Structure formats: C-alpha cells, structure tokens
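Chemist: I am attaching a structure below and will ask some questions about it afterwards.
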Amino acid sequence: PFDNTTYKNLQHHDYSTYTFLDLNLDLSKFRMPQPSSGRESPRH
Amino acid sequence: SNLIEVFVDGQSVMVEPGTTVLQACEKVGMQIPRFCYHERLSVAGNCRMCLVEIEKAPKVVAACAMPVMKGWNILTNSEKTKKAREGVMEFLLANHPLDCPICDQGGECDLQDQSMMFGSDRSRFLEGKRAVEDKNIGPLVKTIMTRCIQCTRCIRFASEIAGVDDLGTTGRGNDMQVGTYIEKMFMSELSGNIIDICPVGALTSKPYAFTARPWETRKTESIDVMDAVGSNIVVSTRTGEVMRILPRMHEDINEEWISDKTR
Amino acid sequence: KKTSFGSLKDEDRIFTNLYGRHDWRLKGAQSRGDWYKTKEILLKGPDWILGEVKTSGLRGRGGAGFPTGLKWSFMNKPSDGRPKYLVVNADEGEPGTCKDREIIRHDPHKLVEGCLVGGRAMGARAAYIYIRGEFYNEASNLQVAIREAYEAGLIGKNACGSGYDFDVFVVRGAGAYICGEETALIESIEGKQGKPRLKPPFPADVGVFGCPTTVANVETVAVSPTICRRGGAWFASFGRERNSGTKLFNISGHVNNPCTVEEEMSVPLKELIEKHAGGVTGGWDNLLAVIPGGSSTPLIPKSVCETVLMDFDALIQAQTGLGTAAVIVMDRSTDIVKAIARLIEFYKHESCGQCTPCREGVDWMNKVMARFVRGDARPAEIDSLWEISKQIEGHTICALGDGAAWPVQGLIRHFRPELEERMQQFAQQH
Amino acid sequence: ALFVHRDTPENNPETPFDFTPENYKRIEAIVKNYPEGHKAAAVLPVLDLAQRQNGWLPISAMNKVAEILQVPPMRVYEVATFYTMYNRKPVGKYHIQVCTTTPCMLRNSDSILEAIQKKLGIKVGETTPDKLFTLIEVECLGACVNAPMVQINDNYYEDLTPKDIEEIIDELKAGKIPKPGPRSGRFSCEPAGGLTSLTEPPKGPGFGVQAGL
Ligand SMILES: Cc1cc2nc3c(=O)[nH]c(=O)nc-3n(C[C@H](O)[C@H](O)[C@H](O)COP(=O)(O)O)c2cc1C
Ligand code: SF4
Ligand code: SF4
Ligand code: SF4
Ligand code: FES
Ligand code: FES
Ligand SMILES: [K+]
C-alpha cells in the first residue's frame with residue numbers, strides 16, 4: 032500500500048567510521064581504467 | 006604575422022597572442038604596479054595591485070595574469086584604475102607594522118615606493134593590527150614575518166627556481182602564514198635570492214642587518230669570481246667599505262640570481 | 008501567459024522524495040520514474056540533450072544563476088586528447104542553504120542519473136561529486152546508490168546499454184565553505200588548499216587535473232534527467248520568462264515551521280513564507296527583514312518583502328539576488344546589526360586568505376561591524392565601511408569577497424538609522 | 005589554534021604512526037579514483053583516513069601521508085592546516101560541534117551552547133578532564149531549517165532544546181549511541197505539524213514523458 036507517514040531513510044543510523052571508505056573499496060571493481068598524464072607526477 | 010593590435014591609453018601596440026595586459030603596457034614604457042608578479046616566477050595574481058581598467062569593461066582585470074584581446078584599450082591612468090590601486094594599497098597597509106625606521110628595507114622598499122606613487126597619503130584604519138611570530142630558516146635570511154604581505158614570491162621561487170618545496174602557507178584567511186610549519190632551515194645554494202625577491206622587509210640578510218641604508222651606498226658593477234660562471238654583481242660600498250653583494254641582471258649568464266657563496 | 012506563479016502541484020514537482028517518506032534506494036527511485044528511458048536519452052545525442060536544457064531555460068542553482076544550457080555547451084567540442092570531466096558541486100556551504108542535502112540523501116538516484124545525462128551532454132568520461140565532509144551520512148547514502156547503479160548496469164561500462172562509459176566518483180571535503188567556489192572546488196579535488204583560480208583559463212578549457220571540466224550544482228544536475236524526459240518546454244512553462252522552472256526553497260529563521268519545500272519560480276515571497284512555513288513568528292507584521300538567497304545576498308526590509316517575487320530578475324530589481332533561494336526570516340525581536348555582524352564573522356572565518364582585498368578587507372570589516380554592534384563608533388564610520396566594502400567588491404579573485412561586501416551594503420542601505428541610533432546610545436553612556 | 009608546529013614528546017616526527025594493513029587496502033582504492041600522474045589528489049581523503057584510524061593528526065601522520073603519495077611534506081602541512089575538520093591536537097572521544105551562524109543563532113543556539121557548558125563544566129574550546137568531550141563552535145553545517153543543531157563525530161542532532169542536548173550527553177556518557185536527526189516531532193526537513201506538499205502518491209515511470217522519448 033501507499034504510506035506517506037514514516038521515515039524511510041533509517042539505514043544511516045547503522046553507519047560507522049569506515050562505511051564510506053568501505054563502500055569506495057567495493058566500487059573499485061566496477062571502475063574503468065584511469066587515464067594517464069604520461070608520468071608518475073609533475074615532478075618526474 | 007599573428008601579432009594582434011591592442012591600445013594602451015589609446016596608443017596602438019602590436020603584441021603576440023598570449024601577451025598579458027601587464028606585458029602590453031611594458032611595450033609602450035608603462036610599468037604597471039605589482040607585488041606578487043615576478044617575470045621569472047609563475048603567475049600568481051593574488052596581490053591585486055596590478056588591477057587596471059579595460060575601456061568599456063565594467064570590471065577591472067588583473068593585468069599580470071589577463072591575456073590581451075584584440076582591440077582592447079588599457080586605461081593605465083583612469084580614475085577607475087587609480088581608485089583600485091588606492092584600495093589595494095590601503096588593504097596592504099592595514100595590518101602592516103610601523104617598522105620603517107627599524108626595517109632594513111627602508112629606502113629600497115616597493116611597498117614604501119608604490120604607496121608614495123599609487124596609494125593614498127593617510128590612513129583610516131582605526132583597529133589593532135595583526136602580529137605574527139618569526140621563524141628561523143637558517144643563518145642567512147632573517148624573517149620578520151609581521152612585515153610579510155603574503156605575496157608568495159618566496160614560495161614560488163623556492164619551488165620553481167631552487168627546486169625546494171619547503172616553503173608554503175599555513176592557516177587561512179587573515180591568519181594565513183608563510184613559513185615551513187615545522188622548524189626547518191632553508192639552506193639551498195640559491196637561498197639568498199629570496200631576500201631580493203621579497204618586496205618587503207619580511208626577508209632580509211642577516212649579515213647585512215642594520216649596517217647601511219640604500220641611498221648612501223655606491224654601486225660598483227662587477228663580476229663574481231667565486232666560481233667560473235661569471236655572475237654579474239653589484240658591489241655596494243659606503244665610505245670606503247664593502248657593505249653587500251647584489252645580483253646584476255645578465256640574461257645569458259645568471260639572469261638576476263647569484264649563489265649564496267657569491268652573495 | 009501566466010501572470011501569477013506558485014501553487015505548484017505534486018504532479019509537476021521534480022524531487023518527489025524531498026522528505027524521505029518513500030524509499031531512497033534504487034527500488035523506490037525506479038518506481039518514481041528515475042532511470043526510465045535513460046538509454047533513449049543517451050542515444051539521442053549530446054546536442055539534443057543540450058537543446059532540451061537550453062529550451063528549458065534552466066539557470067544555475069548554485070548561486071550565480073548562469074543559463075545552464077549555454078554553460079554546458081562549452082564542453083560540446085572535439086576532444087584534443089585529454090579526458091573530460093563533470094564535477095558536481097555538493098559542498099552546500101552557504102548559510103541558510105540545506106536544499107542540496109535533501110537531494111543527496113533522499114533522492115540520490117536523480118543525482119546519479121543527472122551525472123550520466125549531464126555527463127553525456129558534455130562528452131565526459133566521469134563525474135566527481137564533491138560533497139562537504141560534514142555530510143558524512145549523506146555521502147554514505149550516495150555511495151550506496153552509486154553501487155546500486157553500478158550493479159544494475161546503469162553506470163560504468165556500457166551504461167544503461169548505451170555503449171557509453173561513465174564513472175561516478177564521490178570525494179569528500181574537509182571543512183571549508185570556500186571549496187564550494189567552482190575553481191576552489193577543483194583545486195581541492197587535486198589535493199591542494201581550497202584556493203580559487205583566476206580566470207581565464209576557464210574550467211571548460213583547463214579544469215580538474217588540467218582537463219576540460221564543467222562544475223554544476225547538485226540541483227542543476229539532478230533536475231536535468233527529468234527535463235529531458237518531460238521536455239524543456241514543460242519546464243519552461245513555470246516561472247516568469249528567463250526565470251523558468253521549479254526551485255527548492257529553504258525557509259529558516261523566525262518562521263513558525265522552518266522547512267524545505269519545492270515551489271514554482273517567481274512565487275511571491277510573502278506567499279512562500281505563509282503557505283509553506285506557517286507565517287512569520289508573531290504574525291506577518293512582526294517581520295523585520297529577510298535574506299532571500301543565503302547569506303551572500305543583501306537583506307530587504309518588510310516593505311520590499313510585501314510584494315517581491317522569488318526569481319533572479321525580480322530580486323535583482325529589489326537590490327539583492329535569488330542566490331541559493333534560502334530565505335532567512337528575521338522578526339522585529341532580532342538585533343539586526345548583530346545578525347549581520349555574525350555573517351561577516353562567518354566570511355572572516357571562511358576567507359581563503361589568498362588575495363588582498365578579502366584577506367585584509369573582510370577581517371577589517373569584521374572588526375568595524377563588531378564595534379557597530381555595541382555602537383562604539385562614530386556615524387562618519389558608516390560611510391567609511393560602505394567605501395571599504397566597495398574596495399573589496401569586484402577586486403578579489405573569487406566571489407566570496409563580493410558575498411561579504413553585499414550583506415554589509417544591504418544593512419547600511421536599509422538600516423542606517425539603527426546604526427546611528429545605536430552609536431548615540433553608546434556615546435551617552437560615555 | 006596555532007598554525008606552526010613545535011616538536012613535543014607526544015607530537016614529534018618520531019611519534020609512532022602507521023596505517024593498518026586494512027587501511028592500506030582502503031588507501032589503494034582511494035588512489036585509483038584519480039588519473040595516473042595525479043596521486044596528489046588523494047591527499048585530502050588519505051589524510052582524513054589517518055585521522056579516522058588515529059583520532060587526530062600528529063606530525064608523523066602528516067609525514068606518513070606525504071611519503072605514501074610521494075608528495076612534499078609541506079604540501080601535506082598546507083592541507084592539514086587549511087581545512088578545519090583535521091585535528092592537529094588530540095580531541096575528546098566525542099567532538100561536539102555547535103553551529104552558531106546566524107540562522108542557528110536566530111533559533112537560540114546560544115541556549116544549546118549554554119546547556120552543554122553547564123552539563124560538562126567546560127568552556128568552548130576545551131576538553132573534559134576525562135577526555136570524553138571536546139566542545140567548539142562551528143559555521144553553518146547545512147542543516148539550517150533544522151536549527152538549532154549540533155554535530156557529534158559523524159552525526160547531526162537537530163531541532164534541539166536545552167533538555168534534548170543534556171539527554172544526548174547523558175546517553176553518550178553511559179555509552180549508548182543516540183539516534184541522529186531531529187529531536188522534535190518531525191523526521192527531517194518537513195514542515196512541522198503537517199506536510200504542505202508531496203501529499204499525493206508519487207507518479208510512476210513514464211509519467212508526462214514527451215513524445216519521442
Ligand atoms: C564562496 C562561494 C561558495 C560557493 N558555494 C557553492 C556551493 O556550496 N554549491 C554550489 O553549487 N555553488 C557554490 N558556489 C557557486 C559556484 O562557484 C558555481 O557558481 C556553481 O557551482 C556553478 O553551478 P551552477 O551552474 O549549477 O550554478 C559558491 C561560490 C562562492 C563564491
Ligand atoms: S617593508 Fe617597507 S613599508 Fe614595511 S616597514 Fe619595511 S620599509 Fe616600511
Ligand atoms: S615573505 Fe616576502 S616574498 Fe614571501 S610571501 Fe611574504 S612578502 Fe612575499
Ligand atoms: S576573495 Fe577571499 S576567498 Fe576568494 S580568493 Fe580572495 S581571499 Fe580567497
Ligand atoms: S601583480 Fe597582479 S595580482 Fe599581484
Ligand atoms: S546556520 Fe546552523 S546549520 Fe546553517
Ligand atoms: K626584501
């Protein structure tokens with residue numbers, strides 16, 4: 032049924048210190064290879 | 006061929022594309038005021054002392070960083086330009102310490118001289134000034150950092166010329182501080198050159214401290230013999246005594262730098 | 008045409024989960040029409056997408072209000088070998104503004120789809136979403152949605168089956184209102200101090216990592232998918248001409264029910280406060296002044312607030328600006344000088360310090376304003392403060408300097424008698 | 005809030021610091037978000053990771069981030085001092101941050117600030133003797149319609165009253181984790197006392213879609 036009387040954004044009550052970086056680590060396998068500037072850094 | 010035409014106070018000048026508004030004014034012999042800009046350092050555009058009116062443009066541009074466009078007329082002396090220089094000079098002097106009598110820069114100071122030429126003649130700042138602690142960076146350069154105007158010339162020189170990434174800015178806002186954060190000496194063979202490029206008495210020579218004033222020295226243009234490069238120097242003397250060594254511009258040899266041994 | 012604006016319907020609202028009453032994850036977002044025919048939009052082409060945005064009349068929701076279609080089309084050019092990026096500005100720093108927070112945490116999949124549709128229009132290979140570090144939970148919600156989109160084929164390699172590769176990266180800030188400025192945001196992503204760059208070059212030529220870049224506000228990007236699905240003409244049927252569409256509004260301060268609400272552009276300011284926020288505390292006649300578009304906009308007194316409309320052109324005529332459309336309401340119990348002095352204290356704390364007029368000038372204005380709060384000054388200093396603010400405005404690298412001068416100018420323009428009266432009180436005690 | 009460093013027994017280049025083996029995996033994923041040749045882009049997130057592991061940033065931690073990313077240490081120092089979320093001195097286990105900018109000021113954030121000081125017995129900028137709480141004022145936290153609010157560690161507690169915050173502190177003293185969000189009637193940014201919009205069921209897929217897709 033249709034309910035407009037409850038808050039449905041309660042998952043973040045269980046988030047912790049490493050939630051964001053853990054999610055970032057999980058996303059790594061989906062990324063496309065990064066482009067390259069041709070050197071290790073501007074100092075190479 | 007690709008030269009584009011611009012105007013400085015209505016006078017036409019032909020410049021290569023990529024020339025800045027500041028460089029275009031040089032071609033007709035006009036030197037725009039500056040503090041952060043040095044022609045041998047990367048463009049910074051933070052002091053805002055080079056602001057100049059472009060005819061028909063509501064907003065003044067930073068002459069040191071803005072490339073010219075075809076047909077632009079640069080109003081180096083307009084009331085809009087003049088009122089911008091006074092405003093910036095007034096902000097530069099708000100927190101600046103009343104140090105000229107005890108400051109070694111006195112008499113050869115760009116802040117003094119451009120305040121005289123481009124700033125106002127009085128103050129309306131009715132508050133207390135900022136005070137900053139000093140920082141030891143070795144026995145060659147004395148730092149009186151309350152005089153620093155945050156132009157970042159020293160930072161850019163250390164990174165780009167000396168190849169040393171030890172100088173930087175910490176904090177932010179009015180409390181932004183130039184230094185090394187930690188205790189560290191800036192002992193590069195080219196370190197003494199930051200005395201020259203610092204526009205104020207924030208960085209001065211420890212050996213030279215308090216010994217002379219600029220107007221009283223005689224300048225002998227000479228050659229360095231500490232190495233085989235042959236750097237061009239100026240020997241500053243007074244009353245029969247050598248007081249200091251300064252660089253002398255030679256594009257094909259030392260540009261405008263000398264080594265610490267030379268200095 | 009339409010002469011009166013407001014009373015928007017729920018059928019024409021874009022952010023249908025503004026209050027998080029429905030599921031924010033992909034299952035809910037898909038049921039509400041997100042990610043629908045995204046393949047059709049992508050295969051229609053960048054020029055068609057830019058056409059729908061140009062025709063929609065959409066203007067930047069970040070605070071400057073540049074026409075989005077024209078701005079986004081600067082990237083519509085052949086690659087020269089560098090990658091091209093879309094940067095989504097989720098720094099939400101302007102005091103009074105919390106609209107972008109609700110999109111990130113309750114409608115994340117509109118943002119994610121906005122990145123793809125907007126990214127395609129510019130030919131970008133990825134979107135970086137810069138979200139202020141304080142929004143830790145909201146950024147974690149956004150990563151959950153991104154993972155759902157990646158796992159459903161909606162983004163990544165061959166996104167939505169379109170044959171287009173797109174990545175959505177989330178990067179968090181570390182505490183700095185200046186990092187919402189478009190070039191200061193770019194310098195922050197690159198790992199530097201959040202200090203703005205001079206222009207030129209423009210980000211569309213040299214941006215993040217030195218590559219062509221477009222910085223777009225969260226709200227600007229998030230509505231773009233719906234503008235393409237429902238058409239630019241439907242979006243342009245809202246608000247006065249050159250003020251099109253639906254806008255998110257934050258009403259805070261001295262109102263009975265502070266809230267975030269989506270309402271038509273050009274709605275009267277009075278109607279917005281009373282219809283949605285429950286009126287001014289103590290009744291409308293208790294109104295003293297309103298800051299309409301966040302702390303960067305000058306305040307307006309009650310007399311102007313009576314008839315003013317909420318759009319870019321209407322508020323410019325009232326000598327202010329729409330800004331982020333964050334309405335801070337101050338009733339007659341407010342110490343107006345103190346309230347504006349706390350805003351200058353904010354800019355003093357947020358100036359990056361790079362350039363002289365703001366580094367020294369804003370700190371100077373803060374010291375003067377603090378004295379004005381107590382009246383420990385002379386009336387002749389009011390014109391000095393006005394002149395000082397005019398030396399900051401239009402002489403700085405970035406618009407933070409302008410945003411600190413404007414609140415001061417607004418106070419002096421409309422509340423000079425209060426300033427002088429306070430000075431008279433102080434002198435008679437001394 | 006000094007923006008210079010002076011070596012101290014508990015904060016000097018030899019102070020022990022290093023990322024855990026697990027955090028090295030997180031660091032690796034961070035670095036892959038940026039183009040090759042621009043690893044310096046990872047400075048802000050890697051520095052913040054060191055603070056999450058350690059709780060604050062000793063100079064050794066900054067020197068470690070510089071070394072991992074092959075970045076000059078001064079450039080890490082610039083970032084650590086520019087951004088206010090980095091702690092260059094140890095803070096309490098619960099870092100209470102009260103917004104005092106004008107929109108929160110207008111809703112009586114001073115009473116919230118007063119209540120926390122009375123309950124903890126500290127002034128703004130101090131740490132309790134048990135090192136459980138550190139109290140500071142901050143600028144707008146982007147929750148203005150929900151003022152007055154505070155942020156404690158990663159959570160926003162909003163629509164506060166002096167009683168509400170005294171409760172949250174009591175919960176944190178006992179060790180319970182208090183739920184974030186408004187402490188008043190409402191759940192988020194809705195108008196109190198009833199929705200004035202979005203009361204209809206949301207439309208479904210394909211609603212109002214222009215012909216031609
Ligand atoms: C001090 C300052 C802070 C800003 N903060 C934000 C911000 O938090 N979010 C935002 O979208 N734009 C912010 N802006 C405006 C951006 O510089 C830029 O105009 C905007 O991101 C462009 O996006 P838009 O086209 O959607 O408006 C800020 C500007 C300044 C000068
Ligand atoms: S730097 Fe120049 S203006 Fe400043 S105290 Fe020294 S001589 Fe005077
Ligand atoms: S010390 Fe001198 S050169 Fe360095 S930033 Fe300060 S004024 Fe400029
Ligand atoms: S105006 Fe202020 S925030 Fe903007 S670049 Fe200048 S000093 Fe930095
Ligand atoms: S000389 Fe151009 S801004 Fe400094
Ligand atoms: S003024 Fe406090 S959250 Fe914005
Ligand atoms: K000097």
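The listed protein sequences correspond, in order, to chains s, G, F and E.
For the first sequence, the deposited numbering begins at 32 and goes up steadily by one.
For the second sequence, the deposited numbering begins at 6 and goes up steadily by one.
For the third sequence, the deposited numbering begins at 8 and goes up steadily by one.
For the fourth sequence, the deposited numbering begins at 5 and goes up steadily by one.
In this text, a Cβ means the ideal position worked out from N, Cα and C, and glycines have one as well.
What are the start and end residues of the beta strand (DSSP E) that includes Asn58(E)?
Modeler: Your numbering for residue 58(E) matches position 54 in the fourth sequence. No beta strand (DSSP E) contains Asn58(E), which is instead part of the alpha helix (DSSP H) from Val47 to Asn58.
Chemist: Which complete beta strand (DSSP E) runs does the region 31-108 of chain F hold, if anything under 3 residues is left out?
Modeler: List check, beta strand (DSSP E) in window: 92-97.
Chemist: Between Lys207(E) and chain F, is the shortest Cβ-Cβ distance under 8 Å, so that the two count as touching?
Modeler: As a position in the fourth sequence, residue 207(E) is number 203, starting the count at 1. Taking Cβ atoms only, chain F reaches closer than 8 Å to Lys207(E), which makes this a yes.
Chemist: Over what stretch of residues does the alpha helix (DSSP H) that includes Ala191(F) continue unbroken?
Modeler: Along the third sequence, read from residue 1 onward, the residue named residue 191(F) stands at position 184. Where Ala191(F) is concerned, the enclosing alpha helix (DSSP H) stretches over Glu189 to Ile196.
Chemist: Determine whether the beta carbon atoms of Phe51(s) and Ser147(F) lie at a separation below 8 Å.
Modeler: Your numbering for residue 51(s) matches position 20 in the first sequence. Your numbering for residue 147(F) matches position 140 in the third sequence. Cβ atoms of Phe51(s) and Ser147(F): closer than 8 Å.
Chemist: Which residues does DSSP list as the beta-bridge partners of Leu176(E)?
Modeler: Taking the first residue of the fourth sequence as position 1, residue 176(E) is located at position 172. DSSP lists no partner for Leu176(E).
Chemist: Round the Cβ separation of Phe12(F) and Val369(F) to the nearest angstrom and send it over; I've been treating them as touching at under 8 Å.
Modeler: By one-based count along the third sequence, residue 12(F) stands at place 5. By one-based count along the third sequence, residue 369(F) stands at place 362. At roughly 36 Å, the Cβ-Cβ gap does not stay under 8 Å, so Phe12(F) and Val369(F) are not in contact.
Chemist: Does the distance between the C-beta of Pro133(E) and the nearest non-hydrogen atom of ligand 4 fall short of 7 Å?
Modeler: Within the fourth sequence, numbered from 1, the residue matching residue 133(E) stands at position 129. The answer is no for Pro133(E).
Chemist: For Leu418(F), which of helix, strand or coil comes out of DSSP?
Modeler: Within the third sequence, residue 418(F) is the residue found at index 411, counting from 1. Three-state result, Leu418(F): helix.
Chemist: Look up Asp19(F) in the DSSP assignment and say whether it is helix, strand or coil.
Modeler: Numbered from its first residue, the third sequence carries residue 19(F) at position 12. Coil, per DSSP.
Chemist: Between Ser125(G) and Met94(G), what straight-line distance do the alpha-carbon atoms span, to the nearest angstrom?
Modeler: Here residue 125(G) is taken as the residue at index 120 of the second sequence, counted from 1. Here residue 94(G) is taken as the residue at index 89 of the second sequence, counted from 1. Computed Cα separation, rounded: 8 Å.
Chemist: List, from N- to C-terminal side, the alpha helix (DSSP H) runs of 4 residues or more that fit wholly inside the region 315-365 of chain F.
Modeler: Listed in chain order, the complete alpha helix (DSSP H) runs (minimum 4 residues) inside the region 315-365 of chain F are 319-324 and 343-357.
Chemist: Using the beta-carbon count (16 or more within 10 Å), is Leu97(G) buried or exposed?
Modeler: Numbered from its first residue, the second sequence carries residue 97(G) at position 92. By the neighbour-count rule (16 or more Cβ atoms within 10 Å), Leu97(G) is buried.
Chemist: In terms of residue numbering, what span does the beta strand (DSSP E) encompassing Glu58(G) cover?
Modeler: As a working note, residue 58(G) is residue 53 in the second sequence. Here the beta strand (DSSP E) through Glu58(G) covers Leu56 to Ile59.
Chemist: Rounded to whole angstroms, what's the CA-CA distance from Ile258(G) to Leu251(G)? Just pull it up for me.
Modeler: Sequence index remark: in the second sequence, residue 258(G) carries index 253 (1-based). Sequence index remark: in the second sequence, residue 251(G) carries index 246 (1-based). Near 15 Å, if we compare the C-alpha coordinates of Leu251(G) and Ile258(G).
Chemist: Would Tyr28(E) be called buried (16 or more neighbouring beta carbons within 10 Å of its own) or exposed?
Modeler: Position 24 of the fourth sequence, counted from the start, is the residue given in the question as residue 28(E). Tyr28(E) is exposed by the Cβ-count criterion.
Chemist: So, does the CB of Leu98(G) fall closer than 8 Å to a CB anywhere in chain E?
Modeler: Within the second sequence, numbered from 1, the residue matching residue 98(G) stands at position 93. By this cut-off, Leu98(G) is not an interface position.
Chemist: List the residues of chain F whose Cβ lies closer than 8 Å to the Cβ of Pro72(G), in chain order.
Modeler: Stepping through the second sequence from its first residue, residue 72(G) is reached at position 67. Within chain F, the residues near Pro72(G) are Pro207.
Chemist: Mind the definition here: the region 171-179 of chain E touches the region 228-244 of chain G only if three or more C-beta pairs lie below 8 Å; say whether that holds.
Modeler: Output reads no: the region 228-244 of chain G does not touch the region 171-179 of chain E.
Chemist: Taking buried to mean at least 16 other C-beta atoms within 10 Å of its own C-beta, is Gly290(F) buried or exposed?
Modeler: For the purposes of this step, residue 290(F) is taken as residue 283 along the third sequence, with counting starting at 1. By the 10 Å Cβ count, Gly290(F) comes out exposed.
Chemist: My parser needs the alpha helix (DSSP H) runs of 4 or more residues fully inside the region 148-205 of chain G; what are they?
Modeler: You should have 158-165 and 198-202.
Chemist: Could you round the C-beta distance between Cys156(G) and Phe40(G) to whole angstroms and report it? I think they count as a contact, below 8 Å.
Modeler: Position 151 of the second sequence holds residue 156(G). Position 35 of the second sequence holds residue 40(G). Their Cβ separation, rounded to whole angstroms, is 5 Å, which keeps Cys156(G) and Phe40(G) in contact under 8 Å.
Chemist: To the nearest angstrom, report how far apart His421(F) and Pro308(F) are at their CA atoms.
Modeler: Position 414 of the third sequence holds residue 421(F). Position 301 of the third sequence holds residue 308(F). Looking at the two C-alpha atoms, the distance is approximately 7 Å.
Chemist: Below 7 Å on C-beta distance, what does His43(s) contact in chain F?
Modeler: The sequence position of residue 43(s) within the first sequence is 12, counting from 1. Within chain F, the residues near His43(s) are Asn144, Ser147 and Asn148.
Chemist: For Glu132(G), go through chain F and note every residue whose CB falls closer than 8 Å to its CB, in chain order.
Modeler: Locating residue 132(G) in the second sequence gives position 127, where the first residue counts as 1. Those are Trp371, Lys374 and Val375, listed as they occur along chain F.
Chemist: For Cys235(F), name the three-state secondary structure that DSSP assigns.
Modeler: In the third sequence, the residue the question calls residue 235(F) occupies position 228. Helix.
Chemist: Are the Cβ atoms of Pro182(E) and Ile169(E) separated by less than 8 Å?
Modeler: Position 178 of the fourth sequence, counted from the start, is the residue given in the question as residue 182(E). Position 165 of the fourth sequence, counted from the start, is the residue given in the question as residue 169(E). No, these two residues do not count as a Cβ contact at 8 Å.
Chemist: Considering only heavy atoms of ligand 5, list every residue whose Cβ is less than 5 Å from one of them, following chain order.
Modeler: That query returns the following residues: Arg39(G), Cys41(G), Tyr42(G), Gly50(G), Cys52(G), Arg53(G), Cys55(G), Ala67(G) and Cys69(G).
Chemist: Is it the case that the CB of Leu208(G) approaches a heavy atom of ligand 7 more closely than 7 Å?
Modeler: Numbered from its first residue, the second sequence carries residue 208(G) at position 203. Correct: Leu208(G) has its Cβ closer than 7 Å to ligand 7.
Chemist: At a threshold of 7 Å, does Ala44(E) count as lining ligand 6 (C-beta to nearest heavy atom)?
Modeler: Residue 44(E) sits at position 40 when you count from the first residue of the fourth sequence. Because no heavy atom of ligand 6 lies under 7 Å away, the Cβ of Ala44(E) does not count as near it: no.
Chemist: From the beta carbon of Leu172(G), is the nearest beta carbon of chain E less than 8 Å away?
Modeler: Sequence index remark: in the second sequence, residue 172(G) carries index 167 (1-based). Yes, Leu172(G) lies at the interface with chain E (some Cβ there is under 8 Å from its Cβ).
Chemist: Is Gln155(G) near ligand 4, judged by its Cβ being under 7 Å from some heavy atom?
Modeler: For this step, residue 155(G) is matched to residue 150 along the second sequence. It does not: the Cβ of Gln155(G) is nowhere closer than 7 Å to a heavy atom of ligand 4.
Chemist: Select from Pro186(E), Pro184(E), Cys103(E) and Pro20(E) the residue whose C-alpha is nearest the C-alpha of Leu139(E).
Modeler: Along the fourth sequence, one-based indexing puts residue 139(E) at 135. Ranking the options by Cα distance to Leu139(E), first place goes to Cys103(E).
Chemist: What residue range is occupied by the uninterrupted alpha helix (DSSP H) comprising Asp45(s)?
Modeler: Position 14 of the first sequence holds residue 45(s). Taken as a continuous stretch (DSSP letters only), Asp45(s) belongs to no alpha helix (DSSP H), as it is neither H nor E.
Chemist: Throw me the rounded Cβ distance for the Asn51(G) and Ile395(F) pair, which I believe falls under 8 Å.
Modeler: Here residue 51(G) refers to the residue found at position 46 when the second sequence is read from its first residue. Here residue 395(F) refers to the residue found at position 388 when the third sequence is read from its first residue. The Cβ separation is near 19 Å, so there is no contact.
Chemist: Residues in the same chain with beta-carbon distance under 6 Å from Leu418(F), minus the five sequence neighbours each way, listed in chain order, please.
Modeler: By 1-based counting over the third sequence, the position of residue 418(F) is 411. Only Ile347 meet the Cβ criterion.
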